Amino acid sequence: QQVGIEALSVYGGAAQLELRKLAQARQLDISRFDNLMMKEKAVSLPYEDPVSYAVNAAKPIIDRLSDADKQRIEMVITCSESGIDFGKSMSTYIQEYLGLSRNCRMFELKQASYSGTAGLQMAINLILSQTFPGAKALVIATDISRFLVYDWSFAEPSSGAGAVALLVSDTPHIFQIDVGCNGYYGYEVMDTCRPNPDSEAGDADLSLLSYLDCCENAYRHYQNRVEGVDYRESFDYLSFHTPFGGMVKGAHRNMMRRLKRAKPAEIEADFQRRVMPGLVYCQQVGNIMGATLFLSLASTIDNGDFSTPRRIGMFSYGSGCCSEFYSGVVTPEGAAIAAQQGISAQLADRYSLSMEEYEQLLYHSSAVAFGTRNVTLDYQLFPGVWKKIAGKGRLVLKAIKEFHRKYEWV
């Protein structure tokens, strides 16, 4: 039974902040964030939210589908830790603006950055159940970091915005899943959390240690289920949830040292070959939470070598915590399809914020705080940003009226 990702599409925001500018503004050495492998973070405008990010991520997928295939989408799962209601899923808005069938299960899934993987596994199981032959699922991981001006200060350099949309089916043109090859591990821990709206709290040091424990244990569980698997030999590439690149390098190093007793230069060559390709796009958006592992997958595919089919190992983590290691295969044909999406070009055309604009954006973000009943957005908040959006067929948040969010194609 064949199953996996049929189509993958990314939205990396309309604007970004160069972390070297954040460093200069805090009189840090420019090399601090370079040391940690961080370059830019995507930043959500006040007239964007996770729904608009999700729709912009999914629109290219839906645009390419026949009417018949679009109607085969019978589940929409939104995976987020940036929800806009305690009960209403963002999937309802997403269905509305993508024009999907009313015969569709719709819901939202939460477990910090593990949400995307959980959604993907659920979609996989729908296909494998064979309850509805031909049905497809749309899984969209979408997150923003709308912090208002703190508990969240520790995360400011790393907290990005982005969405990745996956179409899941029995014709996996992009990523063919290794069925049953899954290990998972979780336990309650207070490493980071989002206990207040528009905020985040945490002990980053605890979270990094927890990530490392889960990386080891989720993989061991996979290894116990997949006889003969080898951490170097079985995986051509490795993609990870990437809060920032430096910690993924550290995790890979820990794994190689433990499982393969590899020497330091050997580990660094293995890192560059197998892990660095996935970090390329991640370094341009920052931590985009539940979508980050999927962006890492897209990055691995665009930036790695797929002249023969390749197996990618995937490690998902979410604070709180839960984690999963799983795998699949990408063919040369799949890589060629993915390349047509033009992610690198999309990311390069975003507006580069000054530190002054960024601080103003933080200040203006309050207008669309969680719980806002009525707001009308000024699209000319930053005229220069608007010029980079207008005419591109982007969805934006126009207004909230009596809690009802209204979006516009611009």
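The numbering used is simple: start at 1 and walk along the sequence shown.
The entry models residue 149 and residue 150 with a gap of 4 to 9 deposited residues left without coordinates. In this entry, 29-37 shows the higher mean Cα temperature factor of the pair 29-37 and 61-69. Averaged over their C-alpha atoms, the temperature factors of 109-117 and 126-134 are higher for 126-134. Looking at 102, 241, 88, 258, the one whose CA carries the top B-factor in the deposited record is 258.
Comparing the C-alpha B-factors of 10, 396, 399, 23 in the entry, the top value falls on 23. Per the PDB record, residue ranking by Cα B-factor puts residue 93 in the lowest third of the chain.
In this PDB entry, residue 210 carries a Cα temperature factor that places it within the lowest third of its chain's modelled residues. Sort the modelled residues of the chain by CA B factor and residue 272 lands in the middle third.
Ranked within its chain, residue 331 lands in the highest third, by CA B factor from the PDB record. The PDB entry assigns residue 280 a C-alpha temperature factor belonging to the middle third of its chain's modelled residues.
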